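Asks: Can you read through this structure? Questions will come right after.
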Amino acid sequence: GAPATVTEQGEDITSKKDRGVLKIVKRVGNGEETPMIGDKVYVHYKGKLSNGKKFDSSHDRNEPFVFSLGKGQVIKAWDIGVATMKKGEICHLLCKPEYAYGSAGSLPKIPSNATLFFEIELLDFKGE
Ligand SMILES: CC[C@H]1CN(CCOc2ccc(OC)c(OC)c2)C(=O)[C@@H]2CCC[C@H]1N2S(=O)(=O)c1cc(Cl)cc(Cl)c1
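With the sequence shown counted from 1, adding 12 to any position gets you PDB author numbering.
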């Protein structure tokens, strides 16, 4: 399925080239511009664990998730991944634990040493 496909066919978007964050662009976005550091970014997403369980979805809340890019307000994989996206893009991101919740995990839903799969849609980005 989609997690296997990004695992096997995704692009390594890490600066270290350590395959910690792999990406496939699923829906091509608009033009060429990507957000810059400190922009307010608006995303919809869903996340799955490697046991197949959904652990989160903004769609199910009927509101986007909003954060300031490149400030560590989200896991490293998201700061790295969302920075590569165009407005209107949908991508898949496969996030090894070193770019996610590491050995700690995040109670109650994310175990230790968890590889995470996300589908992310970049709705908008704006400077403040
Ligand atoms: C409010 C939901 C949000 C939680 N966060 C932000 C809080 O977790 C952080 C933030 C910054 C961090 O390092 C700079 C960090 O390192 C472990 C975790 C996420 O980064 C990631 C990515 C953005 C969407 C959500 N999570 S998530 O889906 O992995 C998630 C969902 C749920 Cl239901 C619980 C958890 Cl613990 C995480």
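Backbone N, C-alpha and C define an ideal beta-carbon position, used for all residues, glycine too.
#1: Residue 84: buried (16+ other C-beta within 10 angstroms of its C-beta) or exposed?
#2: Helix, strand or coil, according to DSSP, for residue 92 in the structure here?
#3: Considering only the alpha carbon of each residue, which of 94, 50, 19 lies closest to residue 132?
#4: Comparing the CB of residue 54 with every heavy atom of ligand 1, is any distance shorter than 6 Å?
#5: In the DSSP assignment, what residue or residues form a beta bridge with residue 136?
#6: At a cut-off of 6 Å, would you count residue 111 as near ligand 1, judging by its Cβ distance to the nearest heavy atom?
#7: Leaving out five residues before and five after residue 77 in sequence, what residues of the same chain have Cβ atoms less than 8 Å from its Cβ?
#8: Take every Cβ of the segment 29-37, pair it with every Cβ of the segment 116-136, and state whether three or more of those distances are shorter than 8 Å.
Replies: Once the coordinates are examined:
#1: exposed
#2: helix
#3: Residue 94 is the option with its Cα nearest to residue 132.
#4: no
#5: 54
#6: no
#7: 54, 55, 56, 57, 70
#8: no
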